[PDB]
Number of protein chains: 2
Amino acid sequence: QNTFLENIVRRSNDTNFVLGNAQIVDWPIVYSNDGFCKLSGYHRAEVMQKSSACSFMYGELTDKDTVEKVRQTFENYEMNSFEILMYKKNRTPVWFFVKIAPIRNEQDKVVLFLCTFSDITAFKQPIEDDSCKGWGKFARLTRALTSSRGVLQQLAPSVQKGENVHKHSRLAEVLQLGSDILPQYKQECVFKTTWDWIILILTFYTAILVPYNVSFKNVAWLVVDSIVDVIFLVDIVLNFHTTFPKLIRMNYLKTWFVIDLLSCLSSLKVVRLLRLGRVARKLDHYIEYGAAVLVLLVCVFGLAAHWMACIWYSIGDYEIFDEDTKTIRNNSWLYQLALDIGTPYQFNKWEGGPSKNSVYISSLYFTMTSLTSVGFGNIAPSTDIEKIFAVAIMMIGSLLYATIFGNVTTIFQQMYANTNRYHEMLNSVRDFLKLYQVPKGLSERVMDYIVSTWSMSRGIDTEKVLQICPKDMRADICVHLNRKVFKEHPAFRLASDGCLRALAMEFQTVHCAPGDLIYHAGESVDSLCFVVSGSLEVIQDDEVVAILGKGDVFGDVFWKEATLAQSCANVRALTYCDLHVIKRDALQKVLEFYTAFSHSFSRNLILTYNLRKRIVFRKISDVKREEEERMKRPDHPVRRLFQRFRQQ
Amino acid sequence: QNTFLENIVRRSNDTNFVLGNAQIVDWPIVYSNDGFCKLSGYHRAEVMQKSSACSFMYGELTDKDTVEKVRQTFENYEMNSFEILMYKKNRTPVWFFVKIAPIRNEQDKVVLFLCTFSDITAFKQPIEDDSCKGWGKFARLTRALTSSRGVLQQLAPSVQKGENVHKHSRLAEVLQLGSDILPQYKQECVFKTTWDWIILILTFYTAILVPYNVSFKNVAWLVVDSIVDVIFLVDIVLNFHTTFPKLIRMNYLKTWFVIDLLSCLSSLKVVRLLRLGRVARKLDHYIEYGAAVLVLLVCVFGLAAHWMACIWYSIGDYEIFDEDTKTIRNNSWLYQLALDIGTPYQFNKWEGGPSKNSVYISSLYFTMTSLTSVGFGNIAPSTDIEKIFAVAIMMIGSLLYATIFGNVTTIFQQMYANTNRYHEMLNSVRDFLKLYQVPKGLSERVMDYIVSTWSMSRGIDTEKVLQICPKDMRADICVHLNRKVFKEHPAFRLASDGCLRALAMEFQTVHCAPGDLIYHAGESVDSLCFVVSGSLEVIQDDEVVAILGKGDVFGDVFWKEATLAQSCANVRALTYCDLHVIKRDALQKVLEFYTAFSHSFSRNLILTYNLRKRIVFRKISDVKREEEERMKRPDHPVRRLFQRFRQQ
């Protein structure tokens, strides 16, 4: 987007300016702000289309040498600055400081001119053609140079030598504005995706490995642990730096920085469990995707399984040796587990029982039985704290199983509604056709039409899709849709592009099935048709009169006739035909609007077949009958009727 | 709401009255009831806009002193009462008792007057200008004062001295009506939320603690128990008192009072279980909220878990010692539990086994295994009555789990349909654009438009939302929407507010994307546009002619021209532009209706750019070519065409 005006008016700070066209003779004004309207005393429409030299603002005391200096700076495309007595709408002699900056382009062309203004009346000299008094003209000069003296020469009324300080500072403000004349009238991440992916898999790593290291407590795991720490710190500084600079850093310190700092800095290793705060960055990224939330629920299901498995082992380990009496108590899932798999605990000391890998996967098996509502009961809780933990994990497993089932059911509901609406409309059409006892050929024809247009369109109301777009986008879409007419016919290559869009907005598109007829003989012809694909036959009295191929126009010339006629012939299709039709009313609307186009349209459009003009012909069977009639070789009430035919 | 008429007509009880404007000269009538229409013999329209002094009702025998007394009471705003012979539409001499009450305000202003009437013909004297007989005029007097004598002086025909009793009682009824002249023509809980919250958490408390105290049977718990009792009694008297006074008390005694009284008054502590009847007050309050019903189902799930856990312990305790033979029977979940955790039962007496806290949480673990369909089977039923209880609780747990799963699935279905409709329309648009092979730039443009308007609008058919509102509310919404025009332009600050609404109902609002053009050069200009935000360029022959900023009007003046023209220039947008457009047909409808406004509209509205008037200009490249043409330095069939240009 090109915010060429907004940057100038933001930098300007109550100073005023006009914009003129640098590439047009006499340099006409294309824009003037309200400050220039107030200082000039003119209105926007009255300012624009005048010269940006502001020759209408000149006067008898306006120096012509400054005028040709302005002309030279406009011709040479040169940043300059001048002061000149110019007049207003009330013809007051007002000295102006015009600063002219050419405007380059992305193509570096000198396309515009910027002329900024101020009032230098009080700064130089008061000169009046007539005034009430010297104080009155002086007061008018001070009131005119109000925003010059006021909001720029603030402390300058205390000091002397304002021409040496404050006027030079206003000229330097115009110089910094010329430094800000850079917008030049032109329009002015995958690393984040890959970074969020690798920190997501590392958050899965730490959510597996931290409760593992809490409960069950090499070297290369510590190496990759330090890699996890430094990559997390790099992610913190990237969450500082990257887009949504200092305002997003303050927003990050408000939002998430305390958790993300304490997450990755000896019991406080459980504080590392808060590293899943990074996962909420990706959770919004794939909540729109639906089938991946099933994968999200399965992943958090396994993650919570690993979590509460380590919690379950922690409960067993807290329970076996909770006292200094060192009793096994004959009651724990660890003790029943050691009696189950073998090697019960022994003492010589207290020699441990089961191996830690078997312990972890046995505990994960137990937590999976809990969260999956299976519940075998090999490992099954019998101590107090493990039982209240069992209640807790069963209440969590119910909700996790519910969320999985609801997500799967919603996935199936979308995947089934998208086909169920089509199957239901097909079933209702079959029900309707069976209701009214359509002859089976026509029922099959309408049915295979419905299946064909549902295979082609895939269930898209394309006209409604065009209603979703705005006006110009829909018109340009229609122009691309009717490129198959407009690039092909000589009738349309002389049209204006506005006429192209105002035509293309009226063109329906027909997908004729083979064997299906468009205009039956006797139907109203009200829409000339262009054939962009397929092959057509024209049947007059059971006889093929015209074969229409690609790029042919039939129907009836409306703009010459202005008369509705009957189709003198059937028009049937031979192949899958693509037609681009236009009714006569919209055609006549466009042709009445585009008057200079319509004559060239009449001269260029040659109908391949008039569907009004019945063509006279005889069959060869008829002249064979006439040749047979050599073997054969009152009229007064009827021949007068033939004389009425003579009167006809 | 100001039910100023309804209170008067309810209090009136067949007496009649008029209402007149107290702040308008001559005191015109604003209202007269049907009783006054019947007594006066006049119609409503014929009564209104006459004086409330009813000077048209006066006659030759009407006392002018009473007329100026009425005038003085109207001027001084004074409650008074008079009797006067006045005439009807058939000019009958009818004595009236007018009672005049001024009407104060919320601002205490004397805004209306109330004049109530009756017939005092028979009470004072019969005087006729002419009549058929004395009995006939007397009969007409009795028929006229029918509702006076009938429904007010009921037992007075038995007694004498009706002027001393019944007429004074009718005047006192008018005095009580003046006491009821108080409506004055003006418009005439968080404690319940917090109270229902604290009784809801106390119902959770009693639903946990009463089966606890039934099955497992300090002092501070008894203190807070008595607090529970007194707070429940205060809730009973608040359910008596508070809104939906005596009718809601009778409705409460019909509805819920028997249950709520027996709930909070030694086996009948189980009767305290009916205290959950208060919860049905909150159940209707949060059935509209959907995500909280998941919390409701989880809370009643845990509540039923605690319930049937206490029932399970009650079953075990009933089963261990059901006889006087004192057999342990080697079969109970309590006995298997005591053999599991340790300390089996012993006798010396019968020394108990497991501790009651372990017993309760073990039983709650069992009931959670039942209701969560996990079913480990540490505690697992083996006696008869515990098995039929197990069937009962499994049949309850199936339905509770089903309701949880259905509620979770509905929550996910709402949360997924709201994004799935947008993702499906986006997928169909991408499918349609890929179907017809749009050049990729235009496909990306329409796609980013769709995503931009779905980020801005968030999927709201705002026009349909305006269709939901009624007429005046939709008009006022449109006026607030077009405040960005109406507060800014000098064209609209002279309009009537009806003209403001009838204009604002026609203003579409366009959100122009940057780089997107509104009127292509050659398109029909039929809608003048106001620019309330953004920046626009006007391109005539690939050259910027006019930059349009905030508060500028383009298009074409329709009401002067009454002619449809072509756009002589493209009009493209530079920034995100907000336009408020109006087509020429609705504009011409409004301007034809608001005739006095349309002249000021024509005088005040200055077009920033006529899109009809093509502007003549030359390029500087062209005059550079002309300066080059110094190096270069039959017409008769064509120059006559130029002479035809002279003819043009």
# chains A, B, ... in the order shown; residues from 1 in each chain; ligands from 1
call {"tool": "residues_around", "arguments": {"residues": "range 588-601 of chain A", "least_positions_apart": "3", "cutoff": "12 Å", "atoms": "only C-alpha atoms", "output": "PyMOL selection string"}}
result
(chain A and resi 489-507+526-528+557-563+582-585+604-607) or (chain B and resi 522-525+563-567)
call {"tool": "interface_residues", "arguments": {"of": "chain A", "to": "chain B", "cutoff": "6 Å", "atoms": "only C-alpha atoms", "output": "ChimeraX atom specification"}}
result
/A:1-2,23-25,30-31,45,373-377,384,391,402,406,410,498
call {"tool": "atom_distance", "arguments": {"atom1": "CA of residue 35 in chain B", "atom2": "CA of residue 136 in chain B"}}
result
23.8 Å
call {"tool": "closest_residue", "arguments": {"among": "A:40, A:159, A:18, A:174", "to": "residue 114 in chain A", "atoms": "only C-alpha atoms"}}
result
A:18
call {"tool": "atom_distance", "arguments": {"atom1": "CA of residue 76 in chain B", "atom2": "CA of residue 108 in chain B"}}
result
14.7 Å
call {"tool": "select_by_dssp", "arguments": {"residues": "range 408-528 of chain B", "states": "strand (DSSP E or B)", "output": "list in words"}}
result
residues 508, 509, 510, 511, 512, 517, 524, 525, 527 and 528 of chain B
call {"tool": "write_last_selection", "arguments": {"atoms": "N, CA, C and O atoms", "output": "mmCIF file, in the first residue's frame"}}
result
data_model
loop_
_atom_site.group_PDB
_atom_site.id
_atom_site.type_symbol
_atom_site.label_atom_id
_atom_site.label_comp_id
_atom_site.auth_asym_id
_atom_site.auth_seq_id
_atom_site.Cartn_x
_atom_site.Cartn_y
_atom_site.Cartn_z
ATOM 1 N N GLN B 508 -24.656 2.632 1.742
ATOM 2 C CA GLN B 508 -23.775 1.488 1.856
ATOM 3 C C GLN B 508 -22.425 1.939 2.401
ATOM 4 O O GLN B 508 -22.094 3.124 2.414
ATOM 5 N N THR B 509 -21.631 0.975 2.845
ATOM 6 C CA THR B 509 -20.312 1.260 3.390
ATOM 7 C C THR B 509 -19.314 0.321 2.746
ATOM 8 O O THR B 509 -19.474 -0.899 2.818
ATOM 9 N N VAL B 510 -18.296 0.884 2.110
ATOM 10 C CA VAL B 510 -17.326 0.110 1.351
ATOM 11 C C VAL B 510 -15.990 0.164 2.069
ATOM 12 O O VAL B 510 -15.531 1.242 2.467
ATOM 13 N N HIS B 511 -15.378 -1.001 2.247
ATOM 14 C CA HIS B 511 -14.036 -1.125 2.802
ATOM 15 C C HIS B 511 -13.107 -1.467 1.647
ATOM 16 O O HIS B 511 -12.892 -2.632 1.319
ATOM 17 N N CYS B 512 -12.555 -0.434 1.028
ATOM 18 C CA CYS B 512 -11.689 -0.609 -0.124
ATOM 19 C C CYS B 512 -10.312 -1.081 0.305
ATOM 20 O O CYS B 512 -9.659 -0.444 1.139
ATOM 21 N N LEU B 517 -9.577 -0.565 -7.230
ATOM 22 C CA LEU B 517 -10.198 0.596 -7.847
ATOM 23 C C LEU B 517 -11.715 0.501 -7.778
ATOM 24 O O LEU B 517 -12.281 -0.581 -7.946
ATOM 25 N N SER B 524 -20.107 3.035 -15.231
ATOM 26 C CA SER B 524 -21.187 3.972 -14.977
ATOM 27 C C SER B 524 -20.998 4.630 -13.624
ATOM 28 O O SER B 524 -20.795 3.951 -12.617
ATOM 29 N N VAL B 525 -21.052 5.954 -13.598
ATOM 30 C CA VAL B 525 -21.100 6.679 -12.340
ATOM 31 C C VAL B 525 -22.567 6.863 -11.972
ATOM 32 O O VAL B 525 -23.336 7.515 -12.682
ATOM 33 N N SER B 527 -23.298 6.718 -8.275
ATOM 34 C CA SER B 527 -23.274 6.738 -6.823
ATOM 35 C C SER B 527 -22.175 7.678 -6.366
ATOM 36 O O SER B 527 -20.996 7.343 -6.476
ATOM 37 N N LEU B 528 -22.558 8.838 -5.852
ATOM 38 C CA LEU B 528 -21.564 9.722 -5.271
ATOM 39 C C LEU B 528 -21.088 9.157 -3.946
ATOM 40 O O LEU B 528 -21.870 8.616 -3.164
#
call {"tool": "select_by_dssp", "arguments": {"residues": "range 145-385 of chain A", "states": "helix (DSSP H, G or I)", "output": "number ranges by chain"}}
result
A: 146-149, 166-179, 190-215, 220-241, 246-255, 257-263, 267-283, 291-320, 333-341, 356-371, 384-385
call {"tool": "decode", "arguments": {"residues": "range 114-149 of chain B", "atoms": "N, CA, C and O atoms", "output": "compact mmCIF listing (two decimals), in the first residue's frame"}}
result
# COMPACT_ATOMS: atom_id res chain seq x y z
N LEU B 114 -56.12 17.51 33.86
CA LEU B 114 -57.10 16.44 33.87
C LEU B 114 -58.43 17.03 34.31
O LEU B 114 -58.52 17.64 35.38
N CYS B 115 -59.46 16.84 33.49
CA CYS B 115 -60.78 17.40 33.78
C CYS B 115 -61.78 16.25 33.79
O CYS B 115 -62.11 15.71 32.73
N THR B 116 -62.26 15.89 34.97
CA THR B 116 -63.18 14.77 35.10
C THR B 116 -64.60 15.28 35.29
O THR B 116 -64.82 16.35 35.84
N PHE B 117 -65.57 14.48 34.83
CA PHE B 117 -66.93 14.96 34.64
C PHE B 117 -67.94 14.00 35.25
O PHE B 117 -67.63 12.84 35.57
N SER B 118 -69.17 14.50 35.41
CA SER B 118 -70.35 13.75 35.81
C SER B 118 -71.57 14.62 35.51
O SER B 118 -71.43 15.74 35.02
N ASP B 119 -72.76 14.11 35.82
CA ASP B 119 -74.01 14.79 35.51
C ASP B 119 -74.75 15.15 36.79
O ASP B 119 -75.15 14.27 37.56
N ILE B 120 -74.95 16.46 37.01
CA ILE B 120 -75.53 16.98 38.24
C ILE B 120 -76.84 17.67 37.87
O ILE B 120 -77.25 18.66 38.49
N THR B 121 -77.50 17.16 36.83
CA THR B 121 -78.75 17.76 36.38
C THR B 121 -79.87 17.51 37.38
O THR B 121 -80.52 18.44 37.87
N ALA B 122 -80.09 16.23 37.71
CA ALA B 122 -81.16 15.86 38.63
C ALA B 122 -80.85 16.32 40.05
O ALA B 122 -81.78 16.53 40.84
N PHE B 123 -79.58 16.48 40.37
CA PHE B 123 -79.20 16.81 41.74
C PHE B 123 -79.49 18.27 42.06
O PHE B 123 -79.82 18.59 43.21
N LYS B 124 -79.38 19.17 41.08
CA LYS B 124 -79.56 20.58 41.40
C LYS B 124 -80.95 21.09 41.05
O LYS B 124 -81.73 21.43 41.94
N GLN B 125 -81.30 21.08 39.75
CA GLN B 125 -82.53 21.68 39.24
C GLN B 125 -82.74 21.34 37.77
O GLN B 125 -81.77 21.31 37.00
N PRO B 126 -83.97 21.10 37.34
CA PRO B 126 -84.24 21.01 35.90
C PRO B 126 -84.62 22.35 35.30
O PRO B 126 -85.56 23.01 35.75
N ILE B 127 -83.89 22.77 34.27
CA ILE B 127 -84.16 24.01 33.55
C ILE B 127 -84.03 23.72 32.07
O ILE B 127 -82.96 23.32 31.60
N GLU B 128 -85.12 23.90 31.34
CA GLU B 128 -85.15 23.61 29.91
C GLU B 128 -85.50 24.87 29.14
O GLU B 128 -86.36 25.65 29.56
N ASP B 129 -84.81 25.08 28.02
CA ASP B 129 -85.23 26.11 27.08
C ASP B 129 -86.55 25.73 26.43
O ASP B 129 -87.42 26.59 26.22
N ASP B 130 -86.72 24.45 26.11
CA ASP B 130 -87.99 23.90 25.67
C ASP B 130 -87.97 22.40 25.90
O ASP B 130 -86.91 21.76 25.82
N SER B 131 -89.14 21.84 26.18
CA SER B 131 -89.29 20.40 26.35
C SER B 131 -90.72 20.01 26.03
O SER B 131 -91.61 20.86 25.91
N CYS B 132 -90.93 18.71 25.90
CA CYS B 132 -92.27 18.19 25.67
C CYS B 132 -93.14 18.35 26.92
O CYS B 132 -94.27 18.85 26.85
N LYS B 133 -92.62 17.95 28.08
CA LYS B 133 -93.34 18.07 29.33
C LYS B 133 -92.33 18.16 30.46
O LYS B 133 -91.12 18.03 30.26
N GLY B 134 -92.85 18.40 31.67
CA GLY B 134 -92.00 18.38 32.84
C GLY B 134 -91.49 16.98 33.15
O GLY B 134 -90.32 16.80 33.51
N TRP B 135 -92.35 15.98 32.98
CA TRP B 135 -91.93 14.59 33.16
C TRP B 135 -90.94 14.16 32.08
O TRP B 135 -90.05 13.36 32.36
N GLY B 136 -91.08 14.69 30.87
CA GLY B 136 -90.17 14.30 29.80
C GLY B 136 -88.77 14.84 30.02
O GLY B 136 -87.77 14.12 29.86
N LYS B 137 -88.67 16.12 30.40
CA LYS B 137 -87.38 16.70 30.75
C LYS B 137 -86.81 16.07 32.01
O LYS B 137 -85.59 15.87 32.10
N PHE B 138 -87.67 15.71 32.97
CA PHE B 138 -87.22 15.01 34.17
C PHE B 138 -86.68 13.62 33.83
O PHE B 138 -85.68 13.18 34.39
N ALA B 139 -87.33 12.94 32.88
CA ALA B 139 -86.88 11.63 32.45
C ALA B 139 -85.55 11.72 31.71
O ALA B 139 -84.68 10.87 31.89
N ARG B 140 -85.39 12.76 30.89
CA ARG B 140 -84.12 12.98 30.21
C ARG B 140 -83.01 13.31 31.21
O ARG B 140 -81.86 12.91 31.01
N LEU B 141 -83.35 14.02 32.29
CA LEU B 141 -82.37 14.32 33.32
C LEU B 141 -81.96 13.06 34.08
O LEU B 141 -80.79 12.90 34.43
N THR B 142 -82.91 12.17 34.34
CA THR B 142 -82.57 10.93 35.03
C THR B 142 -81.79 9.99 34.13
O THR B 142 -80.89 9.28 34.60
N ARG B 143 -82.11 9.98 32.84
CA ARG B 143 -81.36 9.14 31.91
C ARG B 143 -79.97 9.69 31.66
O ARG B 143 -79.04 8.91 31.38
N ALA B 144 -79.80 11.00 31.76
CA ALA B 144 -78.48 11.59 31.58
C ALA B 144 -77.57 11.28 32.76
O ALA B 144 -76.43 10.85 32.59
N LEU B 145 -78.07 11.48 33.98
CA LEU B 145 -77.32 11.16 35.18
C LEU B 145 -77.57 9.71 35.60
O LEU B 145 -78.11 9.41 36.67
N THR B 146 -77.18 8.80 34.71
CA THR B 146 -77.38 7.38 34.95
C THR B 146 -76.20 6.76 35.69
O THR B 146 -76.37 6.15 36.74
N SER B 147 -74.99 6.93 35.15
CA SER B 147 -73.81 6.40 35.81
C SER B 147 -73.44 7.19 37.06
O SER B 147 -72.71 6.67 37.91
N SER B 148 -73.92 8.43 37.18
CA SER B 148 -73.75 9.15 38.44
C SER B 148 -74.61 8.53 39.52
O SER B 148 -74.11 8.12 40.58
N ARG B 149 -75.92 8.45 39.28
CA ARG B 149 -76.83 7.95 40.29
C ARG B 149 -76.70 6.44 40.46
O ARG B 149 -76.87 5.92 41.57
